[PDB]
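Shown below, as structure tokens, is a lone chain in the form solved without SSR504734; questions about how it binds or moves come after it.
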């Protein structure tokens, strides 16, 4: 609450790197209305539910499911999703390392078109064919990446990217064993890049495209599904680490205010970063003689094309570039540290024995080595196709499905009356009537309708937006299904060893709360728990 809401909880790579390119891909102004609609009704209530559920019983992601032991497969589905994110999230950081190390010059290498790697259609604003190209993304596409023409063309492994990835993983690991620039500063740099960028010629045309709604695309379930993914990704829902660090709070803590403040601050930061990004696109379209809708590419590297071009127009550009990329590195490292600490704690707690928890260093070393080896294919000539595949399939809508299943399990299996009496124990008042309504009828129905209309409107041979081959779509579907299949598969395991009779009483004996469910203190087990 105005202390940690700005040093973190709102600022990260999910606000300055993912939201701009998702918004640009999905239309720009046609993405804003579903974004706000699904923020108000479909993820402010769920953030509060997750925080209260974590804080009530002081348990992590696994072990909080004593409310209904049969549904423990929801906890394992968040570790599978977090494992996918933890692999490719540290490849975005190693790209920031590459730009940070390449800014230690007297002229920025992406400022002119006289470099040996530039084509004949380069066009800059400092110092023929069709569709003239800015110098900023030729550096990203022909020098940094050396992109190939297909996902099946592996090519050669890029040595500088591999070195930066190794450095990033070593830095992350060295802090797990032993252990300004947060709040204010991430906003000062953004304000500097925003004041310089609304004065340019053509910036207004990129702002109107960013805000003007398009009413012909509100009947598509794809846009609504993509808007739901970003809300849950940035807020941290269904990651698993939100419950773990909510369990350290005091019993009589006001998590309602914290949830509201954090949600609003995160939304404001995302929108402000979008304002910063979309002003540059208008200027690029103006001086390149193209339209704003087609000036750039709908890939995950929009932030590495627009941001370095803005820094080139500022006085003493290298000094600003160094600070910007150092800030990006720190922002990524904080989230990576949080995620890996949560994952290691969850792993050690489940396996816990006498040998384990005394060798926690070796588990941390094994996790870091395993995660470094899986990122090697993402540093080759076809590494951006794999990064886009794991960002659109592995963790896009599985988070929404898992959160919806958790909400349905808490309200309709445990009971809404019991949970409403539980919240009143922590706070002094019952939950607001708006939150009670947007917990039993609104959010589940909205998510259900989006999911149902996604598969009915499917099979157009068009929702495959990047023209991936046949096997890539199958691999993506396997990645997306490996996290939501942990929910029915664990239930089958639990139901095959629960003492009982034919499957009418075994269902009832497995969904009952455990004997040790409730507040985790003797002085707070008052009422229905004494």
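Residue numbers count along the first chain shown, from 1.
There is another form of this protein, the form deposited with SSR504734 bound, and it is not shown here; the text below is about that form.
If you superimpose the site C-alphas and bring SSR504734 over from its pose in the deposited bound form, 3 or more of its atoms are within 2.4 angstroms of a backbone or C-beta atom of this form, and that means blocked. Residue contact with SSR504734 in the deposited bound form: residue 305 places no heavy atom within 4.5 Å of it.
The closest non-hydrogen atom of residue 300 lies within 4.5 Å of SSR504734 in the deposited bound form. At the 4.5 Å threshold, heavy atoms of residue 136 stay clear of SSR504734 in the deposited bound form, well away from it.
Contact between residue 103 and SSR504734 in the deposited bound form is not found at the 4.5 Å heavy atom cutoff. Only one segment in the set 146-154, 184-192, 114-122, 230-238 has residues whose heavy atoms sit within 4.5 Å of SSR504734 in the deposited bound form; it is 230-238. Note on contacts: among 281, 92, 79, 273, the single residue with a heavy atom within 4.5 Å of SSR504734 in the deposited bound form is 92. Of the residues 391, 349, 422, 220, just one reaches SSR504734 in the deposited bound form with a heavy atom at 4.5 Å or closer; this is 391. For a residue to qualify, one of its non-hydrogen atoms must sit within 4.5 Å of SSR504734 in the deposited bound form; none of 40, 42 and 434 qualifies.
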